[PDB]
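Below: the structure, in C-alpha cells.
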Amino acid sequence: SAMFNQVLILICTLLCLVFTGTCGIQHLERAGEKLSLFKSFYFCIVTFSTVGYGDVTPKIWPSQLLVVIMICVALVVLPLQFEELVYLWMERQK
Amino acid sequence: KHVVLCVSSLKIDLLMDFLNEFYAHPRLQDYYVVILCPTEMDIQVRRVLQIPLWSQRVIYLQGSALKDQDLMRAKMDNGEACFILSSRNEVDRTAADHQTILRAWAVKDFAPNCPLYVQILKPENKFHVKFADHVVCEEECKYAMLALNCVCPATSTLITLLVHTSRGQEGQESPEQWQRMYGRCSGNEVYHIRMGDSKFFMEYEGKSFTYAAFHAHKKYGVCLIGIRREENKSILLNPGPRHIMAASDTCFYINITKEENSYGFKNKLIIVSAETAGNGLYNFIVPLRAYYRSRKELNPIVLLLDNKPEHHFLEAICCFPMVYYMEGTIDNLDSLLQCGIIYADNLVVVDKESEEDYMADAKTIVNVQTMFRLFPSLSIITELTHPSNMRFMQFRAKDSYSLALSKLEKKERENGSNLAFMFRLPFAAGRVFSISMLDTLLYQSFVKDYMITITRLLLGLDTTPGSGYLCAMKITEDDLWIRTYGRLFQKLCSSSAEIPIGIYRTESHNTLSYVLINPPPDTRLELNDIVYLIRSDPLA
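Top line first, the protein sequences correspond to chains L and G.
Just so we're on the same page, full-length UniProt numbering is the position in the first sequence counted from 1, plus 243.
Letter by letter, the second sequence follows residues 351 to 612, 769 to 860, 865 to 1019, 1141 to 1171 of full-length UniProt numbering.
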C-alpha cells in the first residue's frame, strides 16, 4: 500500500518537525523569557499551519533565525511530501 | 459472501441485465460481485459503477483468469460462486471458445470445490467441459428454438418469459384489454416443490400423474410438468398416464407465484440462411423430422449459405430425407426466387457481421424489412443480439398500437426494470428473438438446478428414454364444443396424455399476436388460436 506509505511519511515528518520545534524552542527561550512546552507545540503547529498569531515570538538574535531556518527548510520540505501524496492519488486513480 | 464473474470484453448490456437480474432474488442479494477483465472499463460502463446503489455491492478488478495472482486477488476459495462468460460479438467464433474453456480449467484447478458456470458457442466443443457443474450451449439451443418455431408459432417468447422473474408488476397498467391480460401472466414462472406436503402436493398421493394437473387448476391454477424419481435423478416430461406419485417424489410445476408464498415439390417449404455451416445445423434439423413426427406433414428444407457447404456437413446431413443446396445471401430477389420463396411458407435467417455497439445488428434488420413489404401474407423469423433493438423491426408509417407502445414500455422501465422488452408488437409475435435473452437462464440457474436441463428436453436435444415431445394443436370450430380453457383441460387429458401450458391469440389493425402462459382456467377461446401441449408416447 503506497497510499498508506506516504500517509505514514506525512505523519512521520509532521511529528518530526513538531519534535524539532519543541526541542528547538525548548532550550532557547527557556533562558530569556520562559515558555512551557505547550507554547512550543502551539508555535510549531502555528507555523506549519500558516496561521501566525504572534502572542509570543523570539526576541533574540539567534532565536528568530532558528525558527526561521526550520520554517524555510520546512516550506521546501512541506510540499515535497504533499507533492508525494498527490502522486499516489494519481496512481490510485490509474 | 463474494460472487465471481469473469469476461473478456464487458459492455453495458451483459453487465446490466446480469445485475438487474441478479438482485431480483430476494433471498440472495447481499454479495460482493467480482469482475475480472484484462482491458480497462469503457467511459460508459465505468459510469454505471458510480451510481449510489451499485457502488459497494460491485467490486471491479483488472486482470485475467490464467495468472494465479489475480485469482487470489478475488478470494476464490472464500467466494460462494464462480461465473465465466463468453463475449458475443467477435471476429472469430472458433477462438472465443478456446478462451473460455481454458479459463474453465484454470478456475477448476485453483479451487476444485466451488460451482462452475460457463457459456460455450460451438457444439463441437461442448465435449471438453463436461466436468463442470453447469454449462449453457449456445448454437444447439439457438438453432433448436428457432427450428421448433416452424411447427408452432412463437416458441421463443414462451420460453424466454418462463425463465424471467416477475411479480406480474406489468399487468396492472390497464391501457387496454389484451395487454392487461398479456402482461399479467408474464411474471409467470416455473418452480420447485417435491418434498413433504404443501398446499398442492398431498391432494393426490396415490392417483396417477394426470389426475394431479386436473384439480390443481380447480383450487390454485397450478399445472405440474414432470417427476424426477428419487432413484437416478432423471427428469421426466409428462410421464405417461401409467406413472404414479408418492409422498416423496418430485413436482415440477408452473405458477405465477411459488407454492409457499400464497425440381418442384409438395408441402410448404422453409428456407434457411446462415453465414457458415457447422455442427450447428446438424441440430437445427433434428426436431424437424424426428421419430414422433409423421411422414405426411414433413417440411422439406432448403439451405442457403454464403460459403460453400463444407465437407463434414455433407456426410452429416446425407442420412435424412428432404433437403437441398442453394447459394447466395438474402439480397437478390432472384437468389430467393430460384428456391420458391413463393411456394414456401416460413423464413429463417441467422446472420451477423464482424465503433458503436447495438449498431452491429443492422446488416440484418435491413435485408429483412424489405420482405415485410414484398409479402404481406408472409411470416418470418429473426436473430439479433441487443435486447433493446427488438421493436425496431416491423414498423409501419402509421400505427396507433405499434407507436403507442413506446410510452407503455418507458412506463415500465421507469417503475422497475426486469422485462422492458415484452409488450412490443413483433416480439410477442415470435417473429423476433435474441441470444443474451436465454443467457439469463445461466444467472438464474445459480438458485435453481432444474432450470437448464428442463429446457433441452422441451426442445429436442436431450432424450433419456422416458420423456415427451412439445407439440401444438390449432383450435377450430368442433373444439368450440368447448367453452373455455379449464373445460378444455379436463376433456383434453381424459383421452390422450397431454398437458397445456399457454395459448395464442390474433386480432386486427396482416394481423396481431399473443402468448398467455398458464392462464387462469376460466378464459375463453376464439376460432384461430393455438395451445402448447406435451405428448409422450415413445415407450410403453
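Even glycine gets a Cβ: it sits at the ideal position worked out from N, Cα and C.
Checklist entry - Should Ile-964/G be labelled buried (16 or more other beta-carbon atoms within 10 Å of its own) or exposed? => result buried
Item to check | Through-space distance from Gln-324/L to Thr-263/L, alpha-carbon basis | outcome: 17 angstroms
Next on the checklist: When you compare the stretch 911 to 923 of chain G with the stretch 869 to 886 of chain G, are there three or more beta-carbon pairs, one atom per stretch, that lie closer than 8 angstroms?
Outcome noted: Counting Cβ pairs under 8 angstroms, fewer than three are found: no touch.
Checklist entry - On the three-pair Cβ rule with 8 angstroms, is the stretch 960 to 978 of chain G touching the stretch 494 to 502 of chain G? => result yes
Next on the checklist: Tell me the DSSP secondary structure of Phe-481/G in three-state form.
Outcome noted: Per DSSP, reduced to three states, the secondary structure at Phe-481/G is coil, with no helix or strand assignment.
Next on the checklist: Quick check on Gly-784/G: does DSSP put it in helix, strand or coil?
Outcome noted: coil
Checklist entry - Within this structure, are the beta carbons of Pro-886/G and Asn-785/G separated by less than 8 angstroms? => result no
Checklist entry - Based on the DSSP secondary-structure assignment, which residues constitute the bridge partners of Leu-809/G? => result Per DSSP, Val-778/G and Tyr-831/G.
Item to check | 6 angstroms CB neighbourhood of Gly-429/G in its chain, flanking five on each side removed | outcome: So the list reads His-352 and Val-354, once near-sequence residues are dropped.
Checklist entry - Using DSSP with H/G/I as helix, E/B as strand and the rest coil, what is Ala-850/G? => result coil
Next on the checklist: Could you tell me which whole alpha helix (DSSP H) segments of length 4 or greater appear in the stretch 379 to 441 of chain G?
Outcome noted: 395 to 398 and 418 to 423
Checklist entry - Going by the CB atoms, is the gap between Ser-524/G and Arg-530/G shorter than 8 angstroms? => result yes
Checklist entry - Just checking my contact of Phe-460/G with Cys-356/G at CB under 8 angstroms: how many whole Å lie between their CB atoms? => result At roughly 12 angstroms, the Cβ-Cβ gap does not stay under 8 angstroms, so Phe-460/G and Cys-356/G are not in contact.
Next on the checklist: Using a Cβ distance threshold of 8 angstroms, determine whether the stretch 590 to 610 of chain G contacts the stretch 533 to 552 of chain G, with at least three qualifying pairs required.
Outcome noted: yes
Checklist entry - Starting from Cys-1003/G and walking both ways along the alpha helix (DSSP H), at which residues does that stretch end? => result That residue, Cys-1003/G, is in no alpha helix (DSSP H); it is neither H nor E in DSSP.
Checklist entry - Given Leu-421/G, which residues of its chain have a CB within under 8 angstroms of its CB, disregarding the five upstream and five downstream residues? => result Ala-415, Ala-456, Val-457 and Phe-460
Item to check | Helix, strand or coil at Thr-1154/G according to DSSP, with G and I counted as helix | outcome: coil
Checklist entry - Between which two residues does the alpha helix (DSSP H) harbouring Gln-954/G extend? => result 946 to 955
Item to check | Spatially closest choice to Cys-981/G from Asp-380/G, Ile-401/G, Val-398/G and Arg-799/G, by CA coordinates | outcome: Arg-799/G
Checklist entry - Would you call the stretch 988 to 1001 of chain G and the stretch 953 to 961 of chain G touching, i.e. three or more CB-CB distances under 8 angstroms? => result no
Next on the checklist: Among the candidates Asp-1160/G, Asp-1153/G and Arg-1015/G, whose CA atom is the shortest distance from the CA of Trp-528/G?
Outcome noted: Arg-1015/G
Checklist entry - Taking the alpha helix (DSSP H) that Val-294/L falls in, what are its first and last residues? => result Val-294/L: not part of any alpha helix (DSSP H); DSSP gives it neither H nor E.
Checklist entry - Touching or not, the stretch 895 to 905 of chain G and the stretch 938 to 948 of chain G, by the rule of three or more beta carbon pairs under 8 angstroms? => result Taking a cut-off of 8 angstroms for Cβ pairs, the stretch 895 to 905 of chain G and the stretch 938 to 948 of chain G touch, as three or more such pairs fall below it.
Checklist entry - Roughly how many angstroms separate the alpha carbons of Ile-288/L and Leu-328/L, rounded to a whole number? => result 20 angstroms
Next on the checklist: Considering only the alpha carbon of each residue, which of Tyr-953/G, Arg-1166/G, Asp-1168/G and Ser-1004/G lies closest to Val-383/G?
Outcome noted: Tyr-953/G
Next on the checklist: Taking the beta carbon of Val-250/L as the centre, do at least 16 other beta carbons fall within 10 Å, making it buried, or is it exposed?
Outcome noted: exposed
Checklist entry - With distances taken between CB atoms, is the gap from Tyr-532/G to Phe-550/G smaller than 8 angstroms? => result no
Checklist entry - What's the C-alpha gap between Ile-585/G and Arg-397/G? => result 44 angstroms
Item to check | Where the alpha helix (DSSP H) containing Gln-324/L begins and where it ends | outcome: 304 to 336
Checklist entry - Taking the alpha carbon of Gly-275/L as the point to measure from, which residue in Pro-301/L, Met-246/L, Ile-314/L and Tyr-285/L has its own alpha carbon closest? => result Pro-301/L
Checklist entry - Assuming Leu-1158/G contacts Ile-1009/G under a Cβ cut-off of 8 angstroms, what Cβ separation, rounded to an integer in Å, is found between them? => result About 23 angstroms; that fails the 8 angstroms criterion.
Checklist entry - Between the stretch 554 to 567 of chain G and the stretch 586 to 595 of chain G, do at least 3 Cβ pairs fall closer than 8 angstroms? => result The way I'd put it, the stretch 554 to 567 of chain G does touch the stretch 586 to 595 of chain G; three or more beta-carbon pairs between them come closer than 8 angstroms.
Next on the checklist: With distance defined between alpha-carbon atoms, name the residue in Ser-292/L, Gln-307/L and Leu-278/L nearest to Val-261/L.
Outcome noted: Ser-292/L
Checklist entry - Looking only at C-alpha atoms, which of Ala-494/G, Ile-777/G and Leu-369/G sits nearest to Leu-787/G? => result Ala-494/G
Item to check | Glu-539/G, DSSP secondary structure in three states | outcome: strand
Checklist entry - In this structure, what does DSSP give as the bridge partners for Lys-873/G? => result None, per the DSSP bridge assignment.
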